[PDB]
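Enquirer: My questions all concern the structure below.
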Amino acid sequence: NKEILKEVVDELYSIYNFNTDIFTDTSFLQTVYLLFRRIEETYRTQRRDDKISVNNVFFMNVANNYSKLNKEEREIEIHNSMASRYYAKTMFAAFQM
Amino acid sequence: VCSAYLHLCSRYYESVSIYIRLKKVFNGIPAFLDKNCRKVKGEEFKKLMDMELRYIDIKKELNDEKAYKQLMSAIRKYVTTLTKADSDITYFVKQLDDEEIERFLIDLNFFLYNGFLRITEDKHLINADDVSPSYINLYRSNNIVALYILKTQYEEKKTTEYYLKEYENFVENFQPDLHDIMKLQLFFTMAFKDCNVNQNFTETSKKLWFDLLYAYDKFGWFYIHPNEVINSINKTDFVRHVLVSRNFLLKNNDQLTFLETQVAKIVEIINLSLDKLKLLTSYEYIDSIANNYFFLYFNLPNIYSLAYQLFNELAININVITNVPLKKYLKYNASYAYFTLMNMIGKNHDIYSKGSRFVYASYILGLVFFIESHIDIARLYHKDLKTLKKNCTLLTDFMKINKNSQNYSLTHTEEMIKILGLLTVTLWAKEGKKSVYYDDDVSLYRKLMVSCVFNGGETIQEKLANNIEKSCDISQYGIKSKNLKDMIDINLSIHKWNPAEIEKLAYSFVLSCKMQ
Amino acid sequence: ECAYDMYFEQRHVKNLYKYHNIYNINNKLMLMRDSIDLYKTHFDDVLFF
Amino acid sequence: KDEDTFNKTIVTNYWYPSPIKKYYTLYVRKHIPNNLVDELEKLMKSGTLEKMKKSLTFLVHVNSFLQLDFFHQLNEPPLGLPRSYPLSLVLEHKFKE
């Protein structure tokens, strides 16, 4: 969604330009990467269990009652199931370029 | 009841046992504080755990911060006292550091009152079912120390009597109360909410269920004996088998019960439509049922498609041991599926996925897995015939229950399993309401393999070869020798199939024998 | 969409999709249906990494 | 005496004059609020985490695209045609052609 991404990148550029008594230009990228990893790990639940994480992924599923949910909540479920594993990897690329 | 609806009572007594054991733990815990930590919280512990008349809070209520570092210390000491002599879980118990102990001590108090589970996860992925007590709804609500406790402590009409009574006696040396009976009533009304679902189950199929279960847990009557399963796992591969099993039984748990009830339905219909000479083991009779699957309400979703879907899930799980598609080497790696089958029909060890016992589903799914990983070519001519013979003898040698030394007199259970096997093989090839000998769009391979199975052994060609050289008579102006035999077999493979060739050669050489 | 349509016309998929909602679902066919619908909607923006 | 060998030459050394910057650390912890990720979260505006999450909408699940490219061999070929090689070879060939 290339209208919220622009706002986020502008905000981060401002935060970096105003604080150069920290953020030595390679600490900013690492800090942003770890912040993205925390934004990602705030998605994982006990349903859709732990080892169903990376583990040479073939254990991954959506939910035990994915069906019967709705026609519109079971796409939010797809988004959450994907973002729980592939959020930092695909957001950091765009951000850093 | 507990006799007609096997599975609903099997679901009720698990919950009863869980409630009883956790209540025992929580009633043994209070007297412990009156022995160590002489005046931490000795008596008012119960007065705070009253919850009679309420929500819960040990921080705001009891606003004396010099209480946690002793209360939770004593509680952790108690919990590590319960999980003794294992020397592995104790490590993870000592590393808890409340409030991962406070949450346990609150959830365990909430369970023993209202009989619920105190779910605080995403409250849109739960539907009035993920709240009853069971070993799976406890590995999905993050209640994990409870499972440590239940793992360390309390853990290791002939057949009907044996299984039902002689081991569903958790309730022995127990006494109800004025309270505590309402929670049992709640468990019961939770279990029996399917007042028509989980349909037909009575002495028709109930007897067969109990016979197969007793036979497995006494003699080892399965498609492969468990000793062979265990004796092929080299030492350093055992901790991944456990993980490929545990994940198959956690996620695909409702489809297994669905397949179970659907197999029970067809066993009911088989016994209700009615001798073993060739009726019940001939082609046309079994074809009648195989037609019953195309067109109890006569809908009956095909029980081969369900087993194929579960095979697909299992074959995707198995591929976690490498990073290549594993196309034709799904065999040479069937030890995983067979360990899962043992854990599914047998006594399920590894208490994190323990559930029902899935007798029928194991037979059907193991047959389907073997067929689809060994005896199939749809997804990959004399040597082709050698391959047909080799695969047919592998199949016919797999499907025999009892092997070792006992006399083969074909008791009733063996008859029923033979009928189920032949139905599962005639559903693999059938493609419509028309016998699979006269239909096109059925592979050359499948007609021949079905014929090779229904005759129990040899072939469709060598059978007629022996039958014709019986009337050795034919050796005219003329020719015999396997040469004439393969001549008649290519005549078969070209002209048309299948019983046309059988009967027409039969009678042509009957008249040939009466000729000379 | 051609590859998806080729997937959906199999024996074990047709015989199960017949009973779409009169019974339980494998929870896996619904995922494929949802994926193809969502793709056919936003077919000009997606990227595959 | 061993400074001019091959194992001492292909390495970097990174010396710079010491700057005088506020001490925030990305490495561990604790008991003292000196953490770069926490500081960055504190330097942000009110609504920015939810703006960070509302990018990157996921549409095609991995399990929906594997069943056609990886584990394609577990598919009954429909009545008629033989095996159709997976959805990666088809894609690259159709692209080139």
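Just so it is clear, chain B uses Swiss-Prot numbers, and the residues here are 232-284, 347-449, 493-610, 640-660, 677-761, 780-915, in order.
Any Cβ shown, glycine's included, is placed from N, Cα and C.
Dumping what Swiss-Prot says about this protein:
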| type | residues | note |
| --- | --- | --- |
| DISULFID | B:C233-B:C240 | disulfide bond |
| TRANSMEM | B:739-759 | transmembrane segment |
| DISULFID | B:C791-B:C851 | disulfide bond |
| DISULFID | B:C871-B:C912 | disulfide bond |
Enquirer: How big is the Cα-to-Cα gap, in Å, between B:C240 (disulfide bond) and B:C871 (disulfide bond)?
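Expert: Given the Cα positions, B:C240 (disulfide bond) is 64 Å from B:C871 (disulfide bond).
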Enquirer: Just name the disulfide-bonded residues among B:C240, B:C791, B:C912 whose Cβ comes within less than 8 Å of a chain A Cβ; none is a fine answer.
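Expert: Listed in sequence order, the disulfide-bonded residues near chain A come to none.
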Enquirer: Quick check on the disulfide-bonded residues B:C851, B:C912: which one has the highest count of other Cβ atoms within 10 Å of its Cβ?
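Expert: Within the set of disulfide-bonded residues, the most crowded position is B:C851.
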Enquirer: Return the residue, from the listed disulfide-bonded residues B:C233, B:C240, B:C871, with the maximum count of other C-beta atoms within 10 angstroms of its C-beta.
Expert: B:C240
Enquirer: Using B:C851 (disulfide bond) as the reference point, find which of the disulfide-bonded residues B:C233, B:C871, B:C912 has the shortest Cα-to-Cα distance to it.
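Expert: If we rank B:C233, B:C871, B:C912 by Cα distance to B:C851 (disulfide bond), first place goes to B:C871.
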Enquirer: Within 10 Å of the Cβ of B:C791 (disulfide bond), how many other Cβ atoms can be counted across all chains shown?
Expert: 22
Enquirer: Helix, strand or coil by DSSP: which one applies to B:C233 (disulfide bond)?
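Expert: DSSP assigns B:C233 (disulfide bond) to coil.
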Enquirer: Can you grab the distance from B:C791 (disulfide bond) over to B:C871 (disulfide bond)? Cα atoms, rounded to a whole Å.
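Expert: About 28 Å separate the Cα atoms of these two residues.
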Enquirer: Under a three-state reduction of DSSP output, how is B:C871 (disulfide bond) classified: helix, strand, or coil?
Expert: coil
Enquirer: To the nearest whole angstrom, state the Cα distance for the pair B:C871 (disulfide bond) and B:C233 (disulfide bond).
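Expert: If we compare the Cα positions of B:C871 (disulfide bond) and B:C233 (disulfide bond), the gap is 63 Å.
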